[PDB]
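Visitor: Experimental structure below, sequence on top.
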Amino acid sequence: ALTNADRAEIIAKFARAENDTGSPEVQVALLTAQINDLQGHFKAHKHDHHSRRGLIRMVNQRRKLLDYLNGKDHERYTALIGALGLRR
RNA sequence: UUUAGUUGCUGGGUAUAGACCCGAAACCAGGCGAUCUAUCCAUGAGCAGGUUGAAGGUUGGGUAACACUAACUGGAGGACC
């Protein structure tokens, strides 16, 4: 799992302003870090469906935020997906 | 109570022997054969030419990851002509 320091580094890197924790960039980066972290758990616990539901919820939330950001500003969307490595 | 036998030689018959001659399928004992053939052991040799295209591998697409998937390779088989 990730710690407060790890989350703070991501927030500081992707923040668009001072004390900015609500921007789509920050939210999507946090969700991406959490999703990449959980892949290790689901490798050793393949039959844990109850947690996989929460993982799917994280994926859906990331998709919705990405679509909203693409609608608001295309340049920011491309920059964020490039910085995070997401294919879409 | 019956009062001529016996020993030779020749001949007829019988018995024991192959016993008038020829003829089995068999049974038993001791030896000879695996240069043919059956199986096995050791050491060598042989199988023109042409098809089909298993496993495996690489790359790409796809997925939140897995799945799934296309092409290229690869050369299996009591496989095919």
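Guide: Right, received. Where do you want to start? Residues are numbered from 1 along each chain as shown, chains lettered A, B, ... in the order given.
Visitor: where's residue A:5 relative to RNA strand B, distance?
Guide: 24 Å (C-beta to the nearest atom of the strand, to the nearest Å). (C-beta placed from N, C-alpha, C; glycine too.)
Visitor: Can you tell me the SS state at that residue?
Guide: helix (DSSP: H, G, I helix; E, B strand; the rest coil).
Visitor: Helix or strand for residue A:27, just tell me which one.
Guide: Using DSSP states H and E, residue A:27 falls within helix A:24-44.
Visitor: Now do the helix or strand that comes right after that helix: everything it contacts.
Guide: Moving toward the C-terminus from helix A:24-44, the first helix or strand encountered (DSSP H and E) is helix A:49-72. Applying C-beta atoms under 8 Å, 6 or more residues apart in numbering, the contact partners of helix A:49-72 are A:24-25, A:27-28, A:31-32, A:34-35, A:38, A:41-42, A:45, A:76-77, A:80-81, A:86, A:88.
Visitor: Residues of chain A that sit close to RNA strand B?
Guide: A:35, A:39, A:42, A:52, A:55, A:56, A:59, A:87, A:88 (C-beta under 7 Å from any atom of the strand).
Visitor: go again using 6 Å as the cut-off
Guide: A:35, A:39, A:55, A:59 (C-beta under 6 Å from any atom of the strand).
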